[PDB]
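# Inside the fold
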Amino acid sequence: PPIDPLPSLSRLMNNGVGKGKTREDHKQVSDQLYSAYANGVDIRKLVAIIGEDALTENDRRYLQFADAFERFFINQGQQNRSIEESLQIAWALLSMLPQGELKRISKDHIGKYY
Amino acid sequence: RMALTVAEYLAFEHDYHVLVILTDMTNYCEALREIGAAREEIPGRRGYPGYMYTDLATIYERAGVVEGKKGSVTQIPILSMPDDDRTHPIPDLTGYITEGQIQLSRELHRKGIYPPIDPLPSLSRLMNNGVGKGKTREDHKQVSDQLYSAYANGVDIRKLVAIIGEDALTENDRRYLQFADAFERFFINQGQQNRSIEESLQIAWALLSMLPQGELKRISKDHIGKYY
Amino acid sequence: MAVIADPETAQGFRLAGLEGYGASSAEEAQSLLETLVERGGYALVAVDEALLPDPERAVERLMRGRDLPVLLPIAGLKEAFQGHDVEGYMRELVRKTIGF
Amino acid sequence: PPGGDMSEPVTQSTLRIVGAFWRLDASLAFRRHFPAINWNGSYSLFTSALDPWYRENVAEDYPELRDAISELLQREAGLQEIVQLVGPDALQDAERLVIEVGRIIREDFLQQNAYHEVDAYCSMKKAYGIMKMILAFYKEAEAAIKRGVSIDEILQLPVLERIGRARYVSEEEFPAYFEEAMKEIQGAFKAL
Amino acid sequence: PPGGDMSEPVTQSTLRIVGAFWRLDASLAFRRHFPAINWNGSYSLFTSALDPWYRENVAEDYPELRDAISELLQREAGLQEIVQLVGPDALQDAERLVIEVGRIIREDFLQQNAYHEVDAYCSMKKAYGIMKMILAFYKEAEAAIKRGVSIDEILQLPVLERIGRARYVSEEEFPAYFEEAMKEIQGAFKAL
Amino acid sequence: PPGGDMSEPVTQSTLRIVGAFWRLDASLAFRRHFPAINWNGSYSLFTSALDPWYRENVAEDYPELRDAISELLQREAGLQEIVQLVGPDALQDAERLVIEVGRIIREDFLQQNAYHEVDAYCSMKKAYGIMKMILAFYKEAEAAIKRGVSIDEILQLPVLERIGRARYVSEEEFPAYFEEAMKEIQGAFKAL
Amino acid sequence: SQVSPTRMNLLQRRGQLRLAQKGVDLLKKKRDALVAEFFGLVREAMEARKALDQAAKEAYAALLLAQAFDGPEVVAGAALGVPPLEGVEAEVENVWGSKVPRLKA
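Residues numbered from 1 in each chain as written, not as in the entry; some residues may be left out. Chains lettered and ligands numbered in written order. Part of a larger assembly, values for the part shown. Heavy atoms only, no water. Residues with missing side-chain atoms left out of burial classes, pairs and counts.

### Some thoughts on the overall build of chain A
Quick note on the threshold: What counts as a helix is a DSSP run of H or I of at least four residues, what counts as a strand is a run of E of at least two, and both are numbered from the N terminus.
Per the secondary structure count, chain A includes 5 helices and 0 strands. For chain A, the succession of helices and strands along the chain, N to C, is α-α-α-α-α. Overall, chain A is about 45 × 35 × 25 Å in size when its C-alpha atoms are taken along their principal axes.

See the structure below:
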C-alpha cells in the first residue's frame, strides 16, 4: 500500500488493545520505527550534495534503513502478515542500529530481541 | 457583427483579399457584461454571462478562406484585457477559439523594444499544419522548431541564476544565456523596418552559431549550410 | 615563492630550497605586497603577523581572485612567541562561525 | 477547465477516476513537446490489468522496463526542488547521474511531434527499441563513475548524440539501425 | 483601490482608458519624498506627441536630455535586483557607478518639498537645468573609474554635494547658480 | 480548529473575546510532560491587574518572582538554536551559565506528572518555594563565574538533585523539605 | 500590470508551502556538520606551528652577522630553490560551500 506512517497517527492505540493482547513489546517498538524512518527521508536529498560518505556513521545507517523499510515493511502486496511476523521484520532492521541507537524502547525490549 | 457583414460582401462576393482588424475587445466585453446581469439571465463564467460563448463565437468564426473564392476575410483580433491574468474571461475563450496565438508582455517593454512580443509563454498550434510545408516555404520549417527550445534555454535560466548563485552559470549554461539578450534585441526590434522571408533566416542563423552542434540537432544538414 | 616579513627575518627565507622576496617597506608591506601578488608568478605568497594587512579587501580587489592562497600566518620574529595559537583562533571566531 | 483549475467536481467524477489522467503546462509544450504531459502529477489507475498482453506479446520484460523508465523520470524530481531552493554548490559523481540521464529522457523521449511521421508513429518495435537504447546508456554509466569517469566526459561521448538521432530515424530502417547502435554504447563506455 | 490591489473592478475600469499613467507607491512615500513615482510602473503616450513643441519652445536638446536621464534609472531597476541578492560591494566598480548617480535622483529630485517653496516652484528652466548637472556627472564618473578610481573616494569628494544643489538654490535667482557650479563638474573632478 | 486560519471567522472572532491562550505545542507533547505550555506561544492579558491582589492575599514576593524568572527561558529560546550547535564549548561562561540554570527549570520545574500522586495536586505554598530557590540559584551561579568557577563543579552539586526531590514530595512534607532544600543552596555556592 | 489569477494559481501556491518548509528543514543540518568538524582543524593547526616556528628561527637569527658573506656558501650546498610556478602541490576538490582549491606545501 502507499500508506506513509509520518502524516498518519491513530488517536487511539491504547484504548483499543493492550499489553499481552498484541505482545507487550508492540507499544514501544511502534515509537522506535517512527523516529528511525523519519530521520532518513531527509538525508535522501543530501545523499549527493554532501553525500553519505561525509556524513556520520549513525546517519549512514539511517539511510539504508529507510530503503529496506519501503521494500519489506510498507510493501508486501497481497501477502499476509500477523502482529508477530511484522514485529519480526522490525527486530532484524533494528539489529543494524546499535544498542546506543535504541533508546525509544525499554531495557526489557532490547534484551527481548535485538 | 455589423462590421463583419460588410466583410462578407466585399471579400467573397467581390473577390478581394480584405484584412479586418478589430480592436478594443475589452470595451466589447464591458457592453457584454451589461446585458449579462441587467437581463433575466444569470452569471455563469466566474461573474460574467454564460451566453458569452455565443457572443465570441458568432464574431470570430465568421472569417476563413473559402475554397471557391479567391478573396478572403483575414481577421486580426487585438485584445486589451484587464491586467495579465489568464483566468480573466477575455483571454479564456479567446485562447481556445484561435489556432496559433501571439503575446505581448512587460519583459521586453522595459527594454524599449517595440513591438514587445514574447513567445516564451506563448503558444502555437499551426506552424507544421498546412503551414511550414505546402506553398509555404520549408526553409523555415526546421527553423521554427529550433528557435523554440533555443529561445527557452535563454529566458528560463535568467531566473535559475538568481537562486543557484548570483553569477553561477556552468560552461554549458553560459552559452544558453548568451543567446537570450542577443536574439531578442536584433530580431524583435522591427517597428519601421520590414524584413522579407529571406532576410529573416540569414540573421537568425548567425546567432544560432553561438551554440555548437548538439543543441542544433533539430536543424538539418541542409538548413545549416543553406543560410550559412 | 615569496615570504613577506621583517628585513632581518626575511633574510633567512631567501635561502635555497625556499624562495623569498621579503622585507618591510611599509607597516602592512603594501609597497611590496601589492606589486608582487599582482602577477601571481610565485607559487605561494605569504604575509606574516609582524605586518598582516588590516584591509584585506585592498588585496582581493587588486589580485582579482586567486586559486593559490595569500597571507598565511608566520610569526615574523622569535622572542619565544606562541601567542599565534589563541590569536588565530579568535581571528576565526570574529569574522565567521559563532560569536562569543 | 473553464476557469483554469484542475480541481473541480467534473474532472474528479469521470475525467481522473478513469484509465489515465494527464496534464499540460504552457512552456512545456512550446520547447518541442507536441503534445506535452507532466511527468509527475499524472497517473494511470489501470496498469495492473494491462500487464498480461505486454508480458506475452512484446516481451516478458516489457512491463518491467516501463516501470523502470518511469522511476528514473520521477526520481530526478527529488533534486529538481533543491536546484530551485539554493542550488548545487557541490557536483558529485552520484549528483549529475540521475540528473543528466533524466535530461536525455525528457529531451528525446517526451519531445515528439504529431505533425511529423518521423517523430511518432504506431509501432511496437520503435517503442521497444528507443527504450532499450536509453537502458544501455544508463546501465554502463553507473559503472563508469566507479572506475573514475567524470560526468563531463559522459556528455562528451558521441553516443548520447546517437540516441538523440533515434527520434528522426525512418521506421522501416530502425531494426538494422538499432542493432548497429547497441554495440557503440557498450564500446564507447567500457573502453573509456 | 478600496481593497489595496488593482484587481478591483472600479480600478480596472480606470485602466481601460490611455494616454498617461503614474503610480504612487506606499513604500517610497514613507521616506517623505513626495511625489513617489516608479519608472517600472508607468508609461506615457505624450512623449512623442509633445516632442514637436519641446524642440520648438523649450530647447532642441530637451527631446534629447529626457532620454539621457531614463537610461540611468533603466539600468537601476535591473541592478536593484542583484543588489538585494548579494551586496554591490562584492561587485565591480562600474556596477556601483550608476547606483549612486541614482541616490541624487531621489535625495534631491524625488523630494519636492511642499513645505519649501523653491521646490514648490518648478518650471522648464529648473527642469532642463538640473538635467545637465546630472548629465555631466554620469559622463565624467564613467571615465574617472576607468583610470582606477573607486566610487568610495568620490563620495568624499566635493563633487557629490555639488550636484545636490537643487533645493538650496532659488527658482528666480536660479540662472546665477546654474552655470556657476556646472563648470566645476568637468573641471574639478578630472583634476582629481 | 483543524489547523485554523486567521482569515477564518472562528479564529479572528474568538481571539479578541478571550484574554488568554494557554498554547501547548506538538514538539512539547512528544516529550510527555504536563504542563507542556509553550511559554513563547502563550500569553494571558490578565497578569497586570492581578499583581495587587496576589501579594495582598497570597504572599509578599510571589508576583515579584513570577514576572522576574520568566526571563530564563526567554534568554534561552533564541540562544540554543544554532548558536549553541554542540552545546557551549567555544563559548564564554556568560552564555554557559544560562543553560546550567536552564537545566533545572526545564527538567524539574516545567515537568510534572499527573499519574503520580506526589505531584499531580500542588498548591501555592509548595509552588512558591520551588520558584524562589530557582531565582536564588541564578543569583549565586552568575556570581560564580566572577569568582572563577567552572560549570563542571555546578554539574556535580546535590542542589540540582534537591530541586528534583522537592516535587517527589507533596505539600505536607514541604515545610521540612523547604528548610533543608533552601539553606542547602546558600551553602553550595559558599563552598565554591 | 502583473497580478495573480485565483483559480489557476491556487493549486501551485498550496504545494508551494509543502515544497518550501520541507526543503529548508534539511538545508539547515546540511552546513551544521561541516562547521563542527572545522573547529577540529583550526585548533589542531597551530600545534605544529608553535613547535616548528621557533626551531626554524633558532638557527636563522643566529646566522645573520656570520652570514652576509656565508650567504653564498649555505645556498650552494643546499638543494636549489623551489619553482616559482607551482612549486607547491595544488589540489582541486569539489565540496559544498563552492569549489574551493586546497594544497600542501
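### Regarding the overall build of chain G
This is how it is decided: The reference for a compact globule is 2.2 Å times residues^0.38; the radius of gyration itself is calculated from the C-alpha atoms.
Scanning chain G for helices and strands turns up 2 helices and 2 strands. The N-to-C order of helical and strand elements in chain G reads α-α-β-β. Computed over C-alpha atoms, the radius of gyration of chain G comes to 28 Å, more than 25% over the 13 Å expected from 2.2 N^0.38 for 105 residues, which places it beyond the range of a compact globule. Referenced to the eigenvectors of the C-alpha coordinate spread, the extents of chain G come out at roughly 90 × 30 × 25 Å.

### A closer look at the sheet that holds strand β1 (residues 17-23) of chain B
Residue and element names in this part refer to chain B. The test is simple: Criterion used throughout: strands pair if DSSP finds at least two bridges between them.
Sheet architecture is open: 3 strands sit in the order β1-β3-β2, paired in mixed fashion. One side of each edge strand has no neighbouring strand; the edge strands of this open sheet are β1 and β2 (64-65). With 7 bridges connecting them, β1 and strand β3 (residues 72-78) associate as parallel partners. Counted as the bridge partner of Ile21 is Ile76 from β3.

### Digging into the interface of chain G and chain D
For clarity, the cut-off: Note on definitions: a residue-residue contact is assigned when non-hydrogen atoms from the two residues lie within 4.5 Å. The residue classification treats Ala, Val, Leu, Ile, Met, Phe, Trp, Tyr, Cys and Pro as nonpolar and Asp, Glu, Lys and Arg as charged. All others, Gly included, are polar.
If you look at the interface, chain G gives 7 residues, while chain D gives 4 residues. Taken together, the residues that form the side of chain G that touches chain D break down as 3 nonpolar, 2 polar and 2 charged.

### Things to note about the arrangement of the chains
The highest contact count of any of the 5 pairs of chains in contact belongs to chains C and G. Kept free of each other, chain B and chain F leave a smallest C-alpha distance of 23 Å between them.

### Observations regarding the packing of helix α4 (residues 141-155) of chain B against helix α5 (residues 157-164) of chain B
The axes of two packed helices give the description: the angle between them and the distance between them. Residue and element names in this part refer to chain B. Under the convention used in this document: Here the axes come from fitting lines to C-alpha atoms, over the contacting stretch only for helices, and the angles between their N-to-C directions go from 0 to 180 degrees. Working rule for angles: under 35 degrees goes down as roughly parallel, over 145 as roughly antiparallel, 65 to 115 as roughly perpendicular, anything else as oblique.
Relative to each other, α4 and α5 sit at 30 degrees, their axes nearing to 5 Å. Taken together, the axes of α4 and α5 are roughly parallel relative to one another. Residues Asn153, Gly154 and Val155 of α4 touch α5, and the partners they reach there are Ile157, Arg158 and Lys159. Looking at the contact of α4 with α5 residue by residue, the classes come out as 2 nonpolar, 2 polar and 2 charged.

### Quick notes on unusual backbone geometry
Each neighbour pair has its own omega, and for D:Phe34 with D:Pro35 the value is -5 degrees, a cis peptide bond. With respect to the helices and strands, the residue D:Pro35 is situated in the loop between α2 (28-31) and α3 (51-58). Of note, B:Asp83 is a non-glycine position whose phi angle comes to about 50 degrees, a positive value. Within the element layout of this structure, B:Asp83 appears in the loop between β3 and α3 (89-97). Positive phi, normally seen in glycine, also occurs at C:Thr97, with a value near 55 degrees.

### Overview of the pairing of β3(B)
On any regular strand, side chains alternate: one points to one face of the sheet, the next to the other face. Here β2(B) pairs with β3(B) via 2 bridges, running antiparallel. The residue bridging B:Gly64 from the neighbouring strand is B:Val73, located in β3(B).

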